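Just the heavy atoms: all of them, side chains too, but no hydrogens, waters or symmetry mates, feed the values below. Labels below follow one simple rule: chain letters A, B, ... track the order of the sequence lines, proteins then strands, and each chain is numbered from 1.
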Amino acid sequence: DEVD
Amino acid sequence: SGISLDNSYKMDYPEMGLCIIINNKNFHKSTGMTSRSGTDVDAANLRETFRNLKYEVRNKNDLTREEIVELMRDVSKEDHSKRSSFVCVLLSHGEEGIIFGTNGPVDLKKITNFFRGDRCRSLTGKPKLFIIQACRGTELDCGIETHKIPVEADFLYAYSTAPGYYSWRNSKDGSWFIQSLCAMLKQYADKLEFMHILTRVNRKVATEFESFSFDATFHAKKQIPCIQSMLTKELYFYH
Amino acid sequence: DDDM
């Protein structure tokens, strides 16, 4: 999970 | 003839229309933006999903801010007379009101303005759909346990996340939003009106995803997409 | 015009  | 009703967009033109997919994964070093892994998964999912809806899909990868604007300008200048609708999917870094090209920001309004009722006449009165997988700020959601028409009419903005918030992407499965969008389109496009499909997308993202991070700041966070509709009729992908 |  990563933020953009 | 007999009684006729007109609460739904005409979707039986010869073509469903274009689906433009802009997929930005690799950014110029000078920007300091990191690569968006997982986004190729998204772009291929969308390509297949919209292909099955009978859209003419155009995938474009790693566009500069200049190329983004030039593409949208050129597309808005095509003759859309025989097409029912227009779709544009943006996959990139962002912040509120902004999407990033590989070398810098683009105003979302600059892109959509090309398709305003008065500037793209062959799309006037037809649904113009913008699907935006990009951050809208840096807030994190901790969750809780349980004779004229307006030039801005007939737009629908399907945002991946609430105003002001981060948008979540999994580097293996793709973005939460686009994952869910494609699944719900596959399952319900032949049955449900588009708003009702997007509500199911809202529920899926809200209930089935939650972040996992070694970093406490970013762990166990939630996401709710945001439908912004200026549509004037119901939208069904079948006829 | 298609990259993919």
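The environment of NZ in B/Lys54 is sparse: at most 12 heavy-atom neighbours from other residues, nucleotides or ligands sit within 6.0 Å. Around CZ of B/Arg73, the count of heavy atoms belonging to other residues, nucleotides or ligands within 6.0 Å exceeds 12. Around atom NE2 of B/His196, no more than 12 heavy atoms belonging to other residues, nucleotides or ligands sit under 6.0 Å away. The local environment of NZ in B/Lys110 is sparse, with at most 12 non-hydrogen atoms from other residues, nucleotides or ligands closer than 6.0 Å.
Heavy atoms of B/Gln133 lying under 4.5 Å from chain A belong to its backbone as well as its side chain. Within the 4.5 angstrom heavy-atom criterion, atoms from both the backbone and the side chain of B/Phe212 approach chain A. Contacts of B/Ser92 with chain A are made by backbone atoms alone, with heavy-atom separations under 4.5 Å and no side-chain atom involved.
The minimum heavy-atom distance between A/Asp1 and B/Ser211, with the atom names listed, is OD2-CA, 3.3 Å.
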